[PDB]
Amino acid sequence: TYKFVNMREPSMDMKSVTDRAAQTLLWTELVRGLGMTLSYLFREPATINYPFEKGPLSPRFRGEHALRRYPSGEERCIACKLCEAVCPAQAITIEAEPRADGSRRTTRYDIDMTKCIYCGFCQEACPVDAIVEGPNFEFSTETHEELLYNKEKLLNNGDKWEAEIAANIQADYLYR
Amino acid sequence: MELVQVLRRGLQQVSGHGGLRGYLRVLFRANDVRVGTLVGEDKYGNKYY
Amino acid sequence: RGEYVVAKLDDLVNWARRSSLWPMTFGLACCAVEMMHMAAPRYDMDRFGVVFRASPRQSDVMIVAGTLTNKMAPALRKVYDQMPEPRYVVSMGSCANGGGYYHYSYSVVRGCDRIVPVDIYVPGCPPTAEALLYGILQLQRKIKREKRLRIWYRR
Amino acid sequence: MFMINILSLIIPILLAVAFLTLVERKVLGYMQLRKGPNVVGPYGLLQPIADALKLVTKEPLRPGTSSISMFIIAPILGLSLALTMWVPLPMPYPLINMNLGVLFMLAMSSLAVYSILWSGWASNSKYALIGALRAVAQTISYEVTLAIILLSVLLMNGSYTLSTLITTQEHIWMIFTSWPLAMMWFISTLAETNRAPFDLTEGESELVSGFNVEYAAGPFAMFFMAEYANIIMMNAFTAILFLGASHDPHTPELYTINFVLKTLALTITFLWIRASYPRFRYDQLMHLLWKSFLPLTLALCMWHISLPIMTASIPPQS
Amino acid sequence: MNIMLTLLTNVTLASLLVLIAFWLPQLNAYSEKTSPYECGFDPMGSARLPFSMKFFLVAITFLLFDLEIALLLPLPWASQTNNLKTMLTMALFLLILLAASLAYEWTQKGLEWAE
Amino acid sequence: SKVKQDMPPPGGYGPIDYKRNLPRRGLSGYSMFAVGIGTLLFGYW
Ligand code: SF4
Ligand code: SF4
Ligand code: SF4
C-alpha cells in the first residue's frame with residue numbers, strides 16, 4: 001500500500017479563490033508560523049545547567065577503561081590477552097609474565113585512548129570482568145601523552161571509580 | 001492570581017537561599033535561583049539537592 | 025607596584041576572552057553530529073557565550089570534529105594559519121586526537137597534532153556532548169589562567 | 001550644554017545596540033527552546049561587555065590584497081551615518097528640528113550602500129565581491145519602495161517636518177489609515193537592514209558573510225554596530241510613523257515611555273520574524289519587490305494622493 | 001553650528017572607535033596570514049576579474065525610477081495649491097507613467113533579471 | 004521464578020497518533036478583506 005502525498009489540487013469557486021487570494025496577499029501561513037514560534041517562546045526552556053546538572057545516563061554507559069580487582073584486592077586480570085585480540089582499533093597492548101607469587105599478571109597493560117573507539121568489546125571479551133569501562137566521561141586532557149594510559153593509570157582508574165563500577169555491574173550483569 | 005502567586009514564590013526563594021547574601025551568592029556562582037531538598041552532603045563539601 | 029594594576033587589567037582581558045570564545049565548527053564526521061547535539065536545546069552551548077557559528081576570520085577556537093584525512097590536511101592548515109590570534113584548537117574524538125579507528129589507514133593522518141597545535145584533547149568516539157562541553161569549560165579555565173601582560177611586565 | 005545633549009544621544013544608543021546583541025541571543029534561543037546567555041553576570045547582562053572587550057582586543061588583520069584607505073573608511077561611513085541618522089527623531093522634543101527631517105533621514109538611509117560597496121570591493125575576496133553587488137542591489141532596489149511609501153504616508157501628514165507627525169496621528173494610530181502601506185513598509189525595512197528572511201548577503205552556504213568577511217575585530221564590530229543600530233532606528237521610525245502615541249506638552253516623559261515601548265515591540269517583531277522564517281533567494285528577493293511590491297506601492301500612492309482631494313481633507317502645510 | 005556640531009561629534013567619535021580598533025591590539029605580523037580566503041581555500045586568481053553579470057539592467061532601471069521618484073517628491077507641498085484639479089490629473093499622469101515604464105520593463109523581459 | 008523482561012503491558016499499548024492533525028484557524032477571506040477595509044474606512048473618517 002501507498003499514499004499519494006501531493007495530489008490535493010484546489011477548487012476554483014469564488015470562496016476558495018477569495019481565500020487563496022487573501023492568504024497570498026494578507027499573509028496568513030506566515031502569521032501561522034510567526035505565532036507558533038511565539039508559543040514556543042513562552043514555553044519552558046529545555047536546558048540542563050552544566051556542570052551543576054548532568055545528562056541522564058544508563059548503567060551500560062561506556063566510558064573510561066579501568067582495571068578492576070577482586071574483593072581480596074588481587075587484580076582480576078590473568079592476562080589472557082583476549083581483550084587485545086578483540087579491540088578493533090588494536091589500542092590494547094599486554095606483556096605477561098610469571099609473577100613472584102606466580103599468578104600471570106601483566107607486566108605491561110596499556111590502552112591507547114586516542115586509538116580506542118569506546119565500543120565495550122574488551123569488557124564483554126574479558127572472562128574475569130577485569131577490564132571494564134567506567135561511567136566517567138570527564139577526562140578531557142590537554143596533552144596527547146595524558147591520554148595514552150598505562151597499567152598504573154588503569155589501576156588507579158579502577159581504584160577511583162570502583163563503587164561506581166561495582167554498583168553498575170551489580171545492576172547489569174544479568175542483562176549481559 | 002497566579003501572577004501574584006509566582007511573585008510570592010520568587011520572593012520566597014530569596015528567603016530559602018539563606019537570605020540576600022546566600023541568594024546572591026547562589027545566583028552569581030551557580031547560575032541558579034531555585035531551592036531543592038538537601039538529599040546529602042559528601043566529605044569534600046558538595047551539597048546534593 | 026605594577027603587578028596589581030597589570031594583573032587586574034589582564035585578568036579583565038582574559039575573562040573577556042574566556043567568556044566569549046567563538047568556535048569554528050569544522051565538523052568532519054560523526055563528531056560533528058555530536059557537537060551539533062551539544063548545541064541543541066539540552067546542553068545549549070550558546071548559553072556560555074560560545075556562539076558555535078563563526079566564520080574563520082571571526083573565531084577564537086577550532087574544534088577538529090572527526091577524522092582528518094590527507095586530502096583535508098592542506099585545507100585545515102590554510103584555515104588555521106588564517107585564524108587570528110589568540111587561537112586555541114581543541115581536538116574532539118579519538119580520530120582527531122590521534123589515529124582513531126582508522127589509525128593504520130593510508131589517507132588519514134594519525135592525529136590533528138601532526139597538522140595543527142591542539143590545546144585540549146577531548147576523548148570519545150564520539151565524545152558525548154557534555155564531554156565536549158566539559159572540554160570547552162577546561163579551555164575556559166585555561167583562558168582564566170592567562171598571564172600575558174604579567175609576562176610582558178616581567179619579561 | 002548642546003554637546004552634552006549630543007553625547008546623551010550617542011552614548012545611550014551605544015548601550016542600546018550593545019544590549020541588543022544580548023536580547024537577540026536570548027529571544028532567539030527562547031524562541032527555539034534555548035535558555036540563552038545567562039552565565040556572564042545575572043541573566044547574561046554582562047555578556048555584551050565581554051564580547052566587546054574581546055573584539056576590541058582581538059587582532060584586526062590587515063587584508064594583504066587591499067587598499068587600507070577604504071578598509072578603514074567603510075566602517076567610518078557605516079557607523080557614523082547610522083548614529084547621525086538618529087539625530088532628527090521626534091522624541092517629545094526632537095534634538096534637531098530639521099524642516100525636512102523625514103527626507104533628511106531617508107536620504108541618509110541610502111548611504112549604507114556607500115559602506116557596503118567599499119567593504120565588499122576593498123577587502124578583495126570572492127565572497128566579498130559577490131556579496132557587495134548583491135547587497136547593494138537589494139538595498140537600492142528596496143530604497144525606491146521606501147521612498148514611495150514615505151511619500152504616500154506623508155501626503156496625509158502635511159509636510160516633511162517630522163515633529164508634526166505626532167500632531168498628524170494624535171487621535172488614531174496612522175496604521176489604521178495605511179495598514180496596507182505599512183505592511184509593505186515594514187517588510188521593506190526588513191529588506192534594507194539585511195535580516196534573516198531578506199538578508200541574502202550572509203547566506204552561509206554561498207556567500208558566508210558577503211561584506212563583513214575579511215573585516216576583523218574592531219572595524220568588523222563597527223559594521224555590526226551600524227547594522228544593529230539601523231534596526232533600532234528604523235523600528236523607531238516605523239513606530240512613530242504608524243504606531244502613534246500621546247504627548248502632553250506639560251509631561252514630556254509620557255510620549256518618551258510610549259515611544260520606547262513601541263520601539264522595543266517592533267525590534268522584538270524583527271527578532272520574531274528572523275527566528276522563524278527561511279531566507280529568500282536573490283531571484284525571489286528581487287521578484288518580491290519588482291513583480292509584486294512595486295505595483296501595489298504605486299497604486300497605493302495613487303490612492304493616498306487622490307484621497308485627501310476627494311475628501312476635502314488636505315493636511316495643513318504648516 | 002548646531003547641526004554641524006552633531007556631525008562633527010559623530011565623525012570624530014567613529015574615528016576614535018576605528019583608531020582604538022586598529023591600533024590597540026598587537027599582531028605578530030607573519031607572512032602566511034596575508035594569504036586570502038575562500039571557505040578553506042584562497043580565491044585562486046579572482047575577486048578582481050571583470051564581473052560578467054546580468055542584473056545590470058535592474059541596476060540601471062533603479063536609477064531611471066529614482067529620477068521619477070525625485071520628480072514626484074514635491075507632492076506634499078504641491079497638494080497645497082489653488083488649482084487642485086490640474087495637480088491631481090498631472091500627478092496621476094506621473095504615477096501612470098511610472099506604472100507604464102514598469103509594465104514595458106515587465107513584458108519586454110527587462111525587469112526580469114536577465115539570465 | 005518465571006522468566007521476565009521488558010514487555011508490553013498485557014493490555015498492549017495506547018494508540019499512537021500519526022495522522023497530521025494540523026489545526027484549521029482563520030476567518031473567511033471575505034471577512035478578512037471586509038474587516039481590513041472597515042478599519043481603513045474608520046481611519047480615513
Ligand atoms: S572500547 Fe576497549 S576494547 Fe574496544 S577498541 Fe576501545 S579500548 Fe579496545
Ligand atoms: S580480557 Fe580481561 S583478563 Fe584477559 S587480558 Fe584483557 S583484561 Fe586481562
Ligand atoms: S572518533 Fe569516533 S565519532 Fe569521532 S570521527 Fe572518529 S569514529 Fe567518528
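Residue numbers (the authors' numbering), protein chains in the order written: chain 1I, 1 to 176; chain 1q, 1 to 49; chain 1B, 25 to 179; chain 1H, 1 to 318; chain 1A, 1 to 115; chain 1Z, 4 to 48.
Here a beta-carbon is modelled for each residue, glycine too, at the ideal position from N, C-alpha and C.
Please compile the residues from chain 1A whose C-beta is within a distance smaller than 8 angstroms of the C-beta of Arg81 (chain 1B).
Ordered by position in chain 1A, the residues that pass the 8 angstroms Cβ test against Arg81 (chain 1B) are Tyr37.
Should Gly102 (chain 1I) be labelled buried (16 or more other beta-carbon atoms within 10 Å of its own) or exposed?
Classification of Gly102 (chain 1I): exposed, given that the 10 Å Cβ count is below 16.
Counting only C-beta atoms, is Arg43 (chain 1I) closer than 9 angstroms to chain 1H at any point?
Closer than 9 angstroms: yes.
Would you check whether ligand 2 has a heavy atom nearer than 8 angstroms to the C-beta of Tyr277 (chain 1H)?
The answer is no for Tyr277 (chain 1H).
Is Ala112 (chain 1H) closer than 9 angstroms to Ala82 (chain 1H) when the C-beta atoms are compared?
A contact, by the Cβ cut-off of 9 angstroms.
Please find out if some non-hydrogen atom of ligand 2 comes closer than 8 angstroms to the beta-carbon of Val128 (chain 1I).
The answer is yes for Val128 (chain 1I).
Under a Cβ-count criterion, where at least 16 other Cβ atoms within 10 Å of its own Cβ denotes burial, should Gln170 (chain 1I) be classed as buried or exposed?
Classification of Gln170 (chain 1I): exposed, given that the 10 Å Cβ count is below 16.
From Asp68 (chain 1B) to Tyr93 (chain 1H), what does the alpha carbon distance come to, in whole angstroms?
Roughly 44 angstroms between the two C-alpha positions.
Give a single yes or no on whether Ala153 (chain 1B) has its beta carbon closer than 8 angstroms to a heavy atom of ligand 3.
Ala153 (chain 1B) Cβ: outside cutoff for every heavy atom of ligand 3.
What are the uninterrupted segments assigned as alpha helix (DSSP H) that are 4 or more residues long and contained completely in the region 129-184 of chain 1H, given in chain order?
Listed in chain order, the complete alpha helix (DSSP H) runs (minimum 4 residues) inside the region 129-184 of chain 1H are 165-169.
Here's a check: name, in chain order, each residue in its chain whose Cβ is nearer than 8 angstroms to the Cβ of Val39 (chain 1q), leaving out the five neighbours to either side.
Contacts found: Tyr48 and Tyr49.
Taking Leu261 (chain 1H) as the reference, which of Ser313 (chain 1H), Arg279 (chain 1H), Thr251 (chain 1H) and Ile240 (chain 1H) has the closest Cα?
The candidate whose alpha carbon is nearest that of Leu261 (chain 1H) is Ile240 (chain 1H).
Since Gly36 (chain 1H) meets chain 1A, which of its residues come closer than 9 angstroms, beta carbon to beta carbon?
In chain order: nothing, as chain 1A lies at least about 27 angstroms away.
Could you pull out every residue in the same chain whose Cβ sits closer than 7 angstroms to the Cβ of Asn168 (chain 1I), ignoring the five residues on either side in sequence?
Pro59 and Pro135, listed in sequence order.
Round the Cβ separation of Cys136 (chain 1B) and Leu92 (chain 1B) to the nearest angstrom and send it over; I've been treating them as touching at under 8 angstroms.
Confirmed, Cβ separation roughly 6 angstroms.
Roughly how many whole angstroms lie between the Cα atoms of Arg281 (chain 1H) and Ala191 (chain 1H)?
The straight-line gap from Cα to Cα measures roughly 12 angstroms.
For chain 1Z, check one thing: does any of its Cβ atoms lie closer than 9 angstroms to the Cβ of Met174 (chain 1H)?
True, the Cβ-Cβ gap to chain 1Z drops below 9 angstroms.
Does the distance from the C-beta atom of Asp143 (chain 1B) to that of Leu156 (chain 1B) stay below 9 angstroms?
Their beta carbons are not under 9 angstroms apart, which means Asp143 (chain 1B) does not touch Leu156 (chain 1B) by this criterion.
Does DSSP put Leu73 (chain 1A) in a helix, a strand or coil?
Coil at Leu73 (chain 1A), not helix or strand.
Is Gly73 (chain 1B) close to chain 1H? Criterion is C-beta to C-beta, closer than 9 angstroms.
Taking Cβ atoms only, chain 1H reaches closer than 9 angstroms to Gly73 (chain 1B), which makes this a yes.
State whether the region 97-106 of chain 1H contacts the region 157-171 of chain 1H, with contact taken as three or more CB pairs (one from each stretch) at a distance under 8 angstroms.
Taking 8 angstroms as the limit for Cβ pairs, the verdict is that the region 157-171 of chain 1H does touch the region 97-106 of chain 1H.
Are there any heavy atoms of ligand 2 lying less than 8 angstroms away from the beta-carbon of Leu33 (chain 1B), as far as the coordinates show?
Because no heavy atom of ligand 2 lies under 8 angstroms away, the Cβ of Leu33 (chain 1B) does not count as near it: no.
Could you check the C-alpha separation between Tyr112 (chain 1B) and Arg62 (chain 1I) for me, to the nearest Å?
Their backbone Cα atoms lie some 29 angstroms apart in a straight line.
Could you check if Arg34 (chain 1H) is buried or exposed, using at least 16 other CB atoms within 10 Å of its CB as the buried criterion?
With 16 or more other Cβ atoms within 10 Å, it is buried.
On the three-state DSSP scale, how would you describe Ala216 (chain 1H)?
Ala216 (chain 1H) falls in the coil class under three-state DSSP.
How would you call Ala182 (chain 1H), buried or exposed, if buried means at least 16 neighbouring beta carbons within 10 angstroms?
It is buried - the Cβ of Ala182 (chain 1H) has at least 16 other Cβ atoms within 10 Å.
Is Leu25 (chain 1Z) helix, strand or coil by DSSP?
DSSP places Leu25 (chain 1Z) in coil when its eight states are reduced to three.
Any residues in the region 38-72 of chain 1H with a beta carbon nearer than 7 angstroms to a beta carbon of chain 1A? Which ones, in chain order?
For the region 38-72 of chain 1H, which is checked against every Cβ of chain 1A, the residues closer than 7 angstroms are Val56, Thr57, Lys58, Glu59, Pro60, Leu61, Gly64, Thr65 and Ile72.
Express the C-alpha separation of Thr21 (chain 1H) and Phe72 (chain 1B) in angstroms, rounding to a whole number.
Approximately 14 angstroms between the Cα atoms of the pair.
The beta strand (DSSP E) with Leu67 (chain 1I) in it runs from where to where?
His65 to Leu67 is the extent of the beta strand (DSSP E) around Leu67 (chain 1I).
Rounded to the nearest angstrom, what separates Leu146 (chain 1H) and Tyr126 (chain 1B) at their Cα positions?
For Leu146 (chain 1H) and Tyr126 (chain 1B), the distance between alpha carbons rounds to 58 angstroms.
Less than 8 angstroms between the CB of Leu67 (chain 1I) and some heavy atom of ligand 2, yes or no?
It does: the Cβ of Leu67 (chain 1I) is within 8 angstroms (strictly closer) of some heavy atom of ligand 2.
Report all residues from its chain with a CB closer than 7 angstroms to the CB of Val35 (chain 1q); omit the five preceding and five following residues, and keep chain order.
Correct list, in chain order: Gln13, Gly16 and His17.
Taking the Cβ atom as the reference point for each residue, do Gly244 (chain 1H) and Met174 (chain 1H) lie within a distance shorter than 9 angstroms?
Against a cut-off of 9 angstroms, the Cβ pair of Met174 (chain 1H) and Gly244 (chain 1H) comes out as a contact.
Just to confirm my understanding: we take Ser246 (chain 1H), look at its own chain, exclude 5 residues before and 5 after, and list those with CB closer than 7 angstroms. What are they?
Cβ neighbours of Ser246 (chain 1H) beyond the five flanking positions: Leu254, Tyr255 and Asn258.
What do you reckon, are the CB atoms on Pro63 (chain 1H) and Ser125 (chain 1H) nearer than 9 angstroms?
The answer is yes: Cβ separation under 9 angstroms.
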